[PDB]
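**Student:** This is the structure I want to talk about, given as structure tokens.
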Amino acid sequence: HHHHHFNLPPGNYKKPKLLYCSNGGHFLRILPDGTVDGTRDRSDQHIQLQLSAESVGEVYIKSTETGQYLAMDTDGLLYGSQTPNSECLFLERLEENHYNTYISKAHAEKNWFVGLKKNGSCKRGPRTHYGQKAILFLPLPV
């Protein structure tokens with residue numbers, strides 16, 4: 001179980017989704033240039049994400065618009081990847097019996113989470129921690 005709990009969020013991956021971060025109320029966004037951030041604008045065409053599971057609890061997060069996969073690099077930075085690889089896998093877990101969190105599988109030991117600051121900028125892996133609102137997401141079916 002990759003040294004982590006296995007409480008999982010309900011639902012399925014059939015329909016693409018919007019990942020709403022309760023921190024600043026932003027939707028996770030993957031820009032065409034590979035940049036990742038969050039925006040409050042629901043009309044944005046880069047927040048529709050298709051999730052799919054490698055194995056139970058392990059997921060890929062893909063922009064339906066550009067086809068890029070969410071990924072975190074060796075230094076904890078999120079980016080849009082043209083090709084699905086090991087940096088594109090995240091351990092999708094329930095948190096506080098309510099939210100969805102996403103731990104980079106490649107850096108699961110250090111608990112590096114996908115997260116958005118209140119200003120809508122992405123947090124760097126090492127700066128995320130259990131207990132922050134930055135790592136809490138609420139998925140919305142498109």
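Residues in the structure tokens are numbered from 1 in each chain, the chains being A, B, ... in the order shown, and ligands are numbered from 1 in the order shown.
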Quick one: everything within 6 Å of stretch 76-78 of chain A, counting only C-alpha atoms, minus sequence neighbours fewer than 4 positions away in the same chain. Send it as a list in words.
**Tutor:**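 Non-adjacent residues within range: residues 71, 72, 124 and 125 of chain A.
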**Student:** Find the residues around residue A:75 up to 12 Å (only C-alpha atoms counted), leave out those fewer than 6 positions away in its own chain, and share them as a PyMOL selection string.
**Tutor:** chain A and resi 87+104+106-107+110+112+123-127
**Student:** Given the choices A:17, A:60, A:86, A:69, which gets closest to residue A:47 if the distance is worked out from only C-alpha atoms?
**Tutor:** A:17
**Student:** For residue A:26, which of A:63, A:131, A:136, A:113 is the closest residue, counting only C-alpha atoms?
**Tutor:**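 Checking each of A:63, A:131, A:136, A:113 against residue A:26, counting only C-alpha atoms, the winner is A:136.
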**Student:** Please, what distance in Å, to one decimal, runs between atom CA of residue A:132 and atom CA of residue A:64?
**Tutor:** 28.1 Å
**Student:** Find the spatial neighbours of residue A:121, counting only C-alpha atoms, within a cut-off of 8 Å - ignore same-chain residues fewer than 4 positions away - and output them as a compact mmCIF listing (two decimals) with N, CA, C and O atoms, in the first residue's frame.
**Tutor:**
# COMPACT_ATOMS: atom_id res chain seq x y z
N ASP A 37 -1.51 25.62 -12.70
CA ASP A 37 -1.92 26.59 -11.70
C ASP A 37 -3.39 26.32 -11.39
O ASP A 37 -3.88 25.23 -11.67
N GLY A 38 -4.05 27.29 -10.77
CA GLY A 38 -5.47 27.16 -10.47
C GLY A 38 -6.18 28.45 -10.89
O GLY A 38 -5.59 29.53 -10.83
N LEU A 116 -2.72 23.80 -4.17
CA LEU A 116 -2.82 25.17 -4.66
C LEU A 116 -2.92 26.19 -3.53
O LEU A 116 -3.73 26.04 -2.61
N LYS A 117 -2.09 27.22 -3.60
CA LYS A 117 -2.08 28.29 -2.61
C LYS A 117 -3.31 29.15 -2.85
O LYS A 117 -3.93 29.07 -3.91
**Student:** From a backbone DSSP assignment, name each residue in chain A labelled strand (DSSP E or B), as a ChimeraX atom specification.
**Tutor:** /A:17-21,26-30,36-39,49-53,58-63,69-72,78-81,90-95,99-104,113,116,121-122,137-141
**Student:** Considering only C-alpha atoms, return as a PDB file with N, CA, C and O atoms, in the first residue's frame whatever protein or nucleic-acid residues lie within 8 Å of residue A:102, sequence-local ones (same chain, fewer than 6 positions apart) excluded.
**Tutor:**
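Contents of the output file selection-v6.pdb:
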ATOM      1  N   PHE A  90      -0.496   9.477  -9.297  1.00  0.00           N
ATOM      2  CA  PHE A  90      -0.823  10.036  -7.990  1.00  0.00           C
ATOM      3  C   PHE A  90      -1.685   9.081  -7.193  1.00  0.00           C
ATOM      4  O   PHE A  90      -2.538   8.401  -7.751  1.00  0.00           O
ATOM      5  N   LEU A  91      -1.448   9.031  -5.883  1.00  0.00           N
ATOM      6  CA  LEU A  91      -2.226   8.181  -5.004  1.00  0.00           C
ATOM      7  C   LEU A  91      -3.408   9.023  -4.583  1.00  0.00           C
ATOM      8  O   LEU A  91      -3.272   9.987  -3.813  1.00  0.00           O
ATOM      9  N   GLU A  92      -4.567   8.667  -5.116  1.00  0.00           N
ATOM     10  CA  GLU A  92      -5.781   9.393  -4.820  1.00  0.00           C
ATOM     11  C   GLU A  92      -6.391   8.877  -3.530  1.00  0.00           C
ATOM     12  O   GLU A  92      -6.811   7.732  -3.457  1.00  0.00           O
ATOM     13  N   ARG A  93      -6.468   9.742  -2.526  1.00  0.00           N
ATOM     14  CA  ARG A  93      -6.995   9.328  -1.235  1.00  0.00           C
ATOM     15  C   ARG A  93      -8.032  10.269  -0.649  1.00  0.00           C
ATOM     16  O   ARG A  93      -8.046  11.452  -0.942  1.00  0.00           O
ATOM     17  N   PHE A 113       2.314  16.499  -1.982  1.00  0.00           N
ATOM     18  CA  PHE A 113       0.937  16.581  -2.487  1.00  0.00           C
ATOM     19  C   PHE A 113       0.774  17.551  -3.641  1.00  0.00           C
ATOM     20  O   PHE A 113       1.603  18.428  -3.856  1.00  0.00           O
ATOM     21  N   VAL A 114      -0.308  17.372  -4.387  1.00  0.00           N
ATOM     22  CA  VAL A 114      -0.671  18.306  -5.445  1.00  0.00           C
ATOM     23  C   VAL A 114      -1.369  19.349  -4.564  1.00  0.00           C
ATOM     24  O   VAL A 114      -2.126  18.986  -3.672  1.00  0.00           O
ATOM     25  N   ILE A 135      -3.998  21.245  -0.031  1.00  0.00           N
ATOM     26  CA  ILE A 135      -4.042  19.909  -0.638  1.00  0.00           C
ATOM     27  C   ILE A 135      -5.408  19.271  -0.729  1.00  0.00           C
ATOM     28  O   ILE A 135      -5.503  18.116  -1.141  1.00  0.00           O
TER      29      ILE A 135
END
**Student:** Out of A:122, A:1, A:73, A:128, which residue has the shortest atom-to-atom distance to residue A:27 when counting only C-alpha atoms?
**Tutor:**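 When distances to residue A:27 are compared using only C-alpha atoms, the smallest one comes from A:122.
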**Student:** Rank A:80, A:115, A:16, A:9 by their smallest atom-to-atom distance to residue A:56, using only C-alpha atoms, and report the top residue only.
**Tutor:**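 Nearest candidate to residue A:56 out of A:80, A:115, A:16, A:9: A:9.
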**Student:** Find, counting only C-alpha atoms, the residue in A:58, A:3, A:68, A:51 that gets nearest to residue A:33.
**Tutor:**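 So, comparing all the options, the nearest one is A:68.
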**Student:** Have a look at atom CA of residue A:19 and atom CA of residue A:4 and let me know their distance in Å, one decimal.
**Tutor:**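 So the answer is 22.1 Å.
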**Student:** Considering only C-alpha atoms, state which residue in the set A:111, A:52, A:35, A:66 is at the smallest distance from residue A:15.
**Tutor:** A:52
